[PDB]
Structure formats: C-alpha cells, structure tokens
Amino acid sequence: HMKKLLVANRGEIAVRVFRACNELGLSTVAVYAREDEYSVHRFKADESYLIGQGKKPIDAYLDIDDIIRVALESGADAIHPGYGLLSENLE
Amino acid sequence: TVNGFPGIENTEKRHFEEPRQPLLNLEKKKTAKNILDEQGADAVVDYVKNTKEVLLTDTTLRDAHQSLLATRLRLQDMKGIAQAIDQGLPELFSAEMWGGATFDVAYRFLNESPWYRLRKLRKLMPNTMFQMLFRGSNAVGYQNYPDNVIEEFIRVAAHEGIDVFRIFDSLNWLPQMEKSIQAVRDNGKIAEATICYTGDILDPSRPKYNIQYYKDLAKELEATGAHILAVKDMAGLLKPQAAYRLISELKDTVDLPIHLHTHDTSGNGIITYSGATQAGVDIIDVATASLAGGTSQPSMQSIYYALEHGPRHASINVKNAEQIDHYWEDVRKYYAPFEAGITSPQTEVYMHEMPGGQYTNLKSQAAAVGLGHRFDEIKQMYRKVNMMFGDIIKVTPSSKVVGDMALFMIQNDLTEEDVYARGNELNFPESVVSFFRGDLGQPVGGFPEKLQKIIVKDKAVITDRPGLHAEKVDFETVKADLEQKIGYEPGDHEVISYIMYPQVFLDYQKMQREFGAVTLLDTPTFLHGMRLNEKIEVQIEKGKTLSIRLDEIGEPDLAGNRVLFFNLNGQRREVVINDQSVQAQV
Amino acid sequence: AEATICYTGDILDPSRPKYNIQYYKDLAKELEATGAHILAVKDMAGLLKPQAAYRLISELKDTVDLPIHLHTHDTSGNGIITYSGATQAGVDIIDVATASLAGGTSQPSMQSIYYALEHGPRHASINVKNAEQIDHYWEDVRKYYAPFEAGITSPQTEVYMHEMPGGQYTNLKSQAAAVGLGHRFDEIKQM
Ligand SMILES: *C(=O)CCCC[C@@H]1SC[C@@H]2NC(=O)N[C@@H]21
Ligand SMILES: [Mg+2]
Ligand SMILES: [Mn+2]
Ligand SMILES: [Mn+2]
C-alpha cells in the first residue's frame with residue numbers, strides 16, 4: 001500500500017496534489033530547484049529536497065534521475081508528475 | 001542578534017567558509033567495538049593484550065575541547081566529522097566523547113542534551129567504541145549520589161551507547177569506585193579502573209605517592225575485576241623516566257592492560273607517551289593535532305611519527321587523521337570567543353600541579369574578582385595550600401577545593417600559621433568544609449587532624465563512604481514530579497539528568513520551550529545570531545529546511561522592544577524582541 | 001667554526017634515497033676535512049624524526065670525532081623527543097628556546113627538555129629554576145608583540161609533507177593572502 005507520495009512538479013499543481021494526498025492520509029515529498037527555494041509548494045509538504053543542483057531550474061525540474069533518486073531515498077512509494085514538465089514523458 | 005550570546009563579548013558575525021571535508025582512504029577492518037558487540041568485554045581485553053602496537057583513544061570529542069575551548073564544542077561540528085572519524089580511523093580503540101564537564105556544560109551553556117549528543121554520535125559512529133569519564137560515586141555531578149542513582153546512570157549510559165567507563169575517584173579511594181565498576185561489569189561493558197597520578201615517583205623528597213603506593217593501588221584495582229587499568233595524569237605531571245618506571249612496575253604487578261591519559265601542559269606529553277610505550281603500555285589518550293598541545297592531549301599525528309620506526313608503532317591511519325585535522329582546524333575558528341590564552345610549554349605545572357581545566361576555570365573566576373592581577377601569588381598559594389592539606393590528589397572536584405581554599409587565603413591576606421591561629425572564627429568556603437567533613441571521601445593518610453577540627457567546627461564529619469549516608473531516591477516519585485514539571489512523561493535518561501542536575505535540567509527545559517532545539521544551528525549563527533541581509537538554512541528535520549533571512553532590524557521603541565524583519569520560508573515575519581541595553585518605560 | 005649540515009628528506013625512509021645516511025656521513029667527513037670545530041646538524045623545518053635522530057647522530061658520532069650540535073624546530077610537535085633521541089645517541093649541544101617563546105615553529109623549550117632528560121643517563125646542563133624565573137620576563141615581553149603573533153599554533157605534521165621551514169611558512173602565507181590566494185593556500189602547500 002502507498003504511504004508516501006512525491007510530486008515531480010512545482011507551484012499550484014504540487015500544492016493541489018499535496019492537499020489531495022493529505023486528504024487521503026498520505027505523506028508528501030516536494031522537490032524544488034535552487035531558484036524555486038521560495039516557492040509555496042516546498043513548504044506545503046512534509047519533506048522537501050533540492051533537485052538539479054547546478055543546472056537551469058527548468059532543466060532541474062526535468063531531471064529524471066535526480067527526481068527518482070530523491071523519491072527512492074525519501075521512502076516515497078509513488079510519483080505524481082502533475083502537468084507540463086514530465087507528465088507526458090514516456091522515459 | 002540584539003542582545004548577544006551571554007558570557008562572551010558581542011562581535012559581528014564573521015564570514016566563515018565551509019570546513020574542509022577529508023579525502024579518506026577507507027580500509028574496512030574489525031574494530032574493538034565489533035569485538036565487544038559480538039564477543040564481550042573479555043575478548044576486547046584479550047584483543048588489546050594481543051596487539052603489539054600501541055592503541056590510541058581519541059580525546060578530541062571530550063577532553064581536547066574541555067582543555068582548550070572550555071568544553072564549548074557543539075554537536076553540529078561533532079556530527080560534521082563523526083562519520084569520517086568512524087570510517088577513516090577504524091584503528092582507534094575508543095573515542096572519548098562523554099563525561100566530565102561535558103554533561104553539565106552542554107545543558108548549562110550549549111542548551112543541548114548530552115544524551116541527544118550521545119544518541120546522534122552513536123548513530124553516526126556505529127563501529128567506534130564510546131568512552132565516558134566516570135567520576136566515581138559522583139558520576140557527572142559534584143555532590144555525592146546514592147548507589148541506585150549510579151547504577152541507573154550506568155545502565156542508561158550503557159544502553160544508549162557508552163562502551164568504556166573510565167571510573168576514577170577524586171582521592172583514589174576504592175570504596176567510591178568498586179560499586180560503579182561492578183555495575184559497569186554487570187551491564188556488559190568495559191570498566192576502566194583509574195589511578196590519578198600525582199607528585200613524582202622518582203623524587204625521594206615526596207614519598208607519600210611512591211611506586212609501592214601505585215603498585216598496591218593497582219593490585220586492589222585488579223582485585224575488583226575491572227577490565228582495564230587506567231592511569232590518569234591530570235596535570236601532565238608524569239615525567240618520561242617516571243612514566244617508564246611506573247608503567248614497568250604496573251606491568252609486572254597486574255595482568256590488566258594499561259591505559260595512559262596525560263596532558264601536554266609541560267610540553268613533555270609525546271616523550272612521556274613514548275616512554276610508556278617502551279615500557280609496554282597498551283592504549284594512550286591522544287587528540288587531533290588542531291586541538292592538541294597546551295592543556296590538551298598530545299597529537300595523534302605527532303605520536304604516529306614519534307614511534308614510526310621504533311620497536312612499537314602506533315595503530316592509526318595518519319593520512320586519514322591528517323585529513324580530519326583539516327576539518328578540526330577549520331571548525332576551531334568558530335570558537336574564538338572561548339579560546340584560552342596564548343599556548344606555551346608550561347613547566348611550572350610541576351610546582352602547583354593545577355589541572356588545565358581547573359587552571360583556566362580558576363583564572364576566569366579570579367579574573368571576575370579584582371584580585372586577579374597576582375595570579376602568580378594565587379598559584380603559589382595553591383601549591384602551599386596543597387602542601388598544607390596533606391598533599392591531596394588535585395582533580396575534579398578536589399582540585400576545586402584547593403583552588404577555592406587558596407583563593408580564600410590570598411583574598412583576605414591569610415597565611416598557614418595565621419589560618420591555624422584564626423581558624424576558629426574564620427568562615428571558610430563551602431568546598432573546604434565539605435571536603436574536610438568527608439563528603440568527597442577519605443584521603444590517603446587522612447585529614448590533618450588539627451586542621452580538620454579548625455576547618456569544620458560544629459558540623460558532623462563522616463569517615464565512611466558518603467554514598468552510604470545519601471538520602472534514598474525513588475525513581476517513580478521523581479519521574480512523576482518531573483512529568484508534572486516538564487509537562488510530558490520523561491525517559492529514564494531525563495529522570496537521571498533531573499536527579500543529578502535538578503535546576504540545570506529544568507532551566508534547559510525552559511530554554512527548550514522558549515528557543516527550541518538550538519543545537520541544530522551552526523556555531524557562528526549559534527554564537528553571533530544573524531547578520532543584516534544574511535541568508536542561513538536551518539535543517540530542523542530530514543527533508544525540512546528553514547530558510548531564514550534577516551532583512552532589517554528595527555529601532556527600539558519606548559518600551560525597549562525591537563522589531564526584526566525576518567523572511568522565514570519566503571514570507572515576511574516580524575519578530576518582537578526586547579533589547580536589554582535599552583531602558584524600558586521611557 | 002660550526003660547519004652545518006642541512007637536513008632534508010628522511011634517512012629511515014627508503015623511497016627517498018638521495019639524502020640517505022651515507023650522504024650525511026660523506027658530508028660530515030668532508031666537513032671534518034676542513035678545520036671546523038663542531039659539526040652542526042640544521043633541521044630548519046623540523047623534519048628529523050626521533051628514530052631518525054637517534055640513527056643519524058649515532059652514524060655521525062662514529063664517523064667523525066667533532067662534537068655534534070643539533071638544531072631543530074617542533075613544528076610537528078616532536079622536537080623534545082627528537083632531542084631526547086639524539087641525547088641517547090650521544091649528541092653534545094642542542095638548540096633550545098625559553099618556554100614562553102617555544103613551541104610551534106620555534107625551538108623546543110629549554111625548561112621542558114630538562115624535565116624530559118631528568119633522571120636519565122644524561123641530564124641537561126641548565127639551572128631550570130633560574131630558567132623558569134627568566135621565562136616570566138619573556139612571557140610579559142611577548143605581550144608587547146601582539147601585532148606580530150603568528151596566530152593559533154598547533155603541532156603540524158604536514159611539515160613532513162611540504163618541508164616548508166617556519167620562516168618560509170609565515171612569509172609565503174602573507175604574500176598569498178596579499179595577492180589573493182590565501183583561501184587556496186592548501187593547494188599552494190600541495191604544489
Ligand atoms: C513549465 O514548464 C511548467 C509547465 C507550464 C506549461 C504547461 S504546458 C501544458 C500545461 N498547460 C498550461 O497552461 N501549462 C502547462
Ligand atoms: Mg597491547
Ligand atoms: Mn584529562
Ligand atoms: Mn632555525
């Protein structure tokens with residue numbers, strides 16, 4: 001069973017999935033770039049982790065391996081991509 | 001930010017670069033902690049006895065910063081390098097990270113639980129044995145405690161990760177040690193019975209502490225079943241020829257492995273360690289190079305090259321130790337307000353025999369009073385008061401008695417025959433009368449009988465163990481009272497800390513309810529607050545990092561309150577804090 | 001006249017064979033060929049380990065009959081044990097400083113080398129009670145030279161790594177921070 005979910009997105013949609021997960025009784029993991037350090041979605045989750053260190057922030061949010069590494073090391077069971085960045089990404 | 005750290009002078013917050021992480025050459029090896037966990041204490045003792053090399057105990061985490069940084073080293077700088085110490089130096093016998101003044105000082109000044117520090121270090125150092133300094137019948141406090149308190153502390157400390165207990169008495173008295181030794185043995189850990197070396201064994205003018213005294217004391221310490229015999233040189237008094245002779249006569253007397261702990265106060269620590277190594281010592285207490293020398297221990301990097309091509313080498317990875325010393329050098333610069341005086345080899349410690357921590361604490365205490373300009377007179381009075389008391393062992397807390405007594409002597413212009421004459425009406429300090437009443441135990445050769453009746457006039461003295469006369473403490477009612485006091489059910493460690501330090505633990509709880517876990521902050525931020533337009537990140541949890549920016553410090557109003565404009569997690573938050581310098585109600 | 005051999009490398013390490021024991025033996029023979037009165041051994045960077053100190057002095061004592069003068073620094077924190085190792089090998093004169101101006105890049109202490117060699121085969125010819133009384137003056141005088149203090153000094157076994165003498169350590173670190181390389185002074189020491 002799922003106990004923890006990571007959102008591989010930012011901004012409004014990340015907060016929306018966080019609210020849905022909290023209504024469903026799930027732990028929430030946020031990911032954020034360095035340039036998105038003051039985003040609301042970073043502080044709306046139980047755990048927040050910096051991703052894409054050194055890259056452009058949009059490229060940081062498109063980093064598949066870093067997001068998967070954060071989700072694996074945080075104990076997250078699922079990844080919600082939101083929309084836009086990697087929601088339709090097959091890889 | 002507005003009021004400064006209490007006890008130090010308010011500077012600006014200096015810019016500090018990140019400390020250098022070590023580049024380690026890891027070598028997977030079986031440590032003594034693994035042998036203790038799998039096979040017990042006796043197999044550890046056999047492993048020490050079967051090692052031809054001299055083992056090293058790292059005193060960086062307790063004694064090096066107790067001597068040099070006024071034991072103000074915090075858990076953040078410890079945990080920045082604890083994993084690197086555990087992995088890069090598996091050759092260490094143990095790491096002394098607890099006990100002594102650390103337990104009181106962390107609660108009092110650092111506002112962090114020593115139990116929390118022990119838990120974090122144990123999680124970060126799984127393969128390194130943890131050594132504590134056990135002060136006999138008064139385990140970490142100064143007042144005497146009942147036996148059930150001592151065994152409860154030993155049980156909880158052994159459960160939370162302490163593996164080696166260096167048990168010593170302030171006056172080298174076996175009744176104040178053997179109960180703690182038995183409790184440590186019962187808890188499955190290693191008991192380190194300790195002799196406090198004082199005087200000179202090669203000086204015929206002082207035969208009170210000669211080689212036969214240490215021989216018979218080591219015999220009775222081996223009779224109690226303690227695993228390792230320890231020799232604590234508190235003030236760096238062990239001369240190298242004296243070290244060789246003492247270690248030889250202790251090696252041909254008992255079968256226990258010998259542990260030597262000395263200070264480099266006279267500048268002869270390295271040669272003393274080498275002379276003990278030639279005589280057949282097993283473990284020696286060393287520190288990292290950046291926190292070595294002066295009142296601290298000799299360097300482990302120096303003691304590697306001191307025995308590099310001799311008959312016995314030191315078991316350490318000196319490249320990894322030199323790499324870790326870069327981090328220690330970088331993080332020493334955070335504690336500039338707590339730095340002691342300019343270091344030098346001080347051979348005058350052979351005269352007054354002051355322990356280094358006692359030396360700096362008494363220097364600060366005498367600097368608080370306007371009398372502190374004649375510190376040479378204070379040291380001479382310390383030497384003569386020690387001679388007048390009957391040449392007692394001057395370690396914590398008996399060294400405090402000698403220091404307070406001598407400071408009282410030259411504070412009111414007293415003399416030895418003068419204090420003999422006027423001692424009927426003199427109001428001596430509480431430490432001297434409590435020592436002469438027998439609350440610290442029975443000294444070797446007894447008290448001076450005329451001076452005893454002069455010091456304590458009407459109060460009852462005791463010649464037996466003070467732990468026999470201690471008031472009984474029941475843990476259930478203490479736990480209930482503490483739960484009433486702190487608002488939640490306390491652990492065994494919290495109750496144990498409440499028993500020995502009642503007001504200190506409660507004030508720590510008040511500081512925890514007011515300021516939270518300040519141990520998670522970095523040391524420059526902990527000591528100097530926050531700068532204007534500064535950005536700090538505070539990790540309060542795994543995955544939770546507080547982004548704090550100080551935007552503007554407001555002017556104080558008529559009530560003395562200042563509004564600080566913080567940017568907490570991207571949002572503006574105005575914090576109202578009272579300025580102590582600004583007078584209120586104006 | 002004190003003919004002086006400057007010491008570098010490690011005589012007890014076979015990976016550095018240029019300055020081995022035979023090089024110092026031949027140099028001591030060449031210096032004794034001249035009319036030098038005392039052979040001097042300068043350890044400017046404190047590189048002489050105590051096991052190497054016993055080996056080098058004993059191999060020079062049976063090579064030449066000149067008295068051996070040893071001078072070293074305790075930058076590595078091993079100055080006292082190096083002098084005690086050479087005392088066992090039969091060194092004649094050692095270079096010591098007063099206790100208030102000892103340690104670090106300076107010489108090992110005169111007051112501490114007495115107690116190190118006390119009750120041994122050879123004592124140190126000094127009045128340590130008079131030396132400790134003199135050291136009170138140097139402790140007070142050193143307070144006048146606060147602007148010229150090096151800083152917080154610890155035993156540094158990295159002097160075995162880069163072999164920088166103590167005078168060169170303070171001087172070169174001053175220029176690196178002056179030009180702007182003080183933060184990379186570790187990489188300067190590496191190279
Ligand atoms: C930045 O790359 C985040 C995605 C923002 C654009 C995407 S494209 C499809 C979604 N529709 C929309 O209006 N925005 C989303
Ligand atoms: Mg051994
Ligand atoms: Mn000590
Ligand atoms: Mn020189």
Side-chain angles (χ1 to χ4, degrees), chain A residues 7-14 16 33 35-36 39 41 52 56-63 81-89, chain B residues 32 44-57 59-68 71 91 93 96 99-102 131-135 166 168 170 192 194 196-198 228-238 247 251 255-265 269 276-287 291-292 294-298 311-315 349 354-361 394-396 399:
Chain A
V7 171
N9 220 298
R10 60 169 308 277
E12 170 264 331
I13 185 56
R16 170 86 186 85
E35 289 76 35
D36 219 14
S39 190
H41 88 276
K56 316 226 293 182
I58 270 316
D59 295 324
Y61 278 109
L62 293 174
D63 199 359
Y83 47 68
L85 297 149
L86 297 166
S87 36
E88 302 146 280
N89 197 269
Chain B
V44 159
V45 167
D46 297 5
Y47 154 77
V48 170
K49 259 186 282 212
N50 287 333
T51 304
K52 293 147 181 18
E53 285 182 316
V54 48
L55 303 167
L56 307 188
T57 285
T59 71
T60 304
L61 298 197
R62 209 271 309 182
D63 215 341
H65 72 93
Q66 178 171 329
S67 304
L68 298 181
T71 171
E91 302 95 351
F93 168 73
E96 197 176 40
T102 270
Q131 186 164 325
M132 104 165 286
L133 183 59
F134 206 78
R135 300 161 164 180
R166 174 167 283 161
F168 81 101
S170 204
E192 252 193 19
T194 309
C196 288
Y197 183 83
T198 176
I228 297 186
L229 176 65
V231 181
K232 176 188 293 312
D233 189 19
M234 323 99 75
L237 296 167
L238 191 53
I247 295 304
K251 211 79 205 171
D255 305 359
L256 308 182
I258 314 282
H259 200 156
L260 187 61
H261 165 274
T262 199
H263 291 243
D264 213 274
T265 307
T277 309
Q278 273 143 355
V281 83
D282 301 89
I283 314 130
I284 50 177
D285 276 22
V286 282
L291 284 162
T295 48
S296 173
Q297 273 69 54
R312 303 183 56 193
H313 301 167
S315 41
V349 80
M354 272 150 96
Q358 161 76 14
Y359 187 88
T360 177
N361 282 258
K394 289 158 302 311
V395 77
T396 285
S399 56

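First listed ligand is number 1; within each ligand, the first listed atom is number 1. Note that these values count all heavy atoms, side chains included, but never hydrogens, waters or copies made by symmetry. Sequence lines set the chain letters: A, B, ... in the order given, protein chains first and strands last, and positions in each chain run from 1.
Looking only at protein heavy atoms, the nearest one to atom 4 (C) of ligand 1 is A:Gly84 CA, 3.8 Å. Nearest protein heavy-atom contact of atom 15 (C) of ligand 1 is A:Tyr83 CD1, 4.0 Å.
No more than 12 heavy atoms of other residues, nucleotides or ligands shown are found within 6.0 angstrom of NZ on A:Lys56.
No side-chain heavy atom of B:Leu260 sits under 4.5 Å from any side-chain heavy atom of B:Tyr197. In this structure, the side chains of B:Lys251 and B:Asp282 come closer than 4.5 Å at one or more pairs of heavy atoms.
With values rounded to the nearest 0.5 angstrom, B:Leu133 atom CG is found 11.0 Å from B:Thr59 atom OG1.
For atom 7 (C) of ligand 1, a protein non-hydrogen atom is found at a distance below 4.0 Å. Closer than 4.0 Å to atom 2 (O) of ligand 1 lies at least one heavy atom of the protein.
Residue B:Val48 counts as close to the Mg ion (ligand 2), with an N, O or S atom under 2.8 Å. When distances to the Mg ion (ligand 2) are checked against a cut-off of 2.8 Å, B:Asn50 contributes no N, O or S atom below that limit.
Residues passing the side-chain contact (heavy atoms from CB on, under 4.5 Å) test with B:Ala230, sequence neighbours excluded: B:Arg166, B:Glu192, B:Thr194, B:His259. Every side chain to side chain donor-acceptor pair (under 3.5 Å) that B:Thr262 has, sequence neighbours left out, goes to B:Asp233.
Summary: OD2 is the N/O/S atom of B:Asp63 found nearest to the Mn ion (ligand 3). If you look at B:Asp282 and ask which of its N, O or S atoms sits nearest the Mg ion (ligand 2), the answer is OD2.
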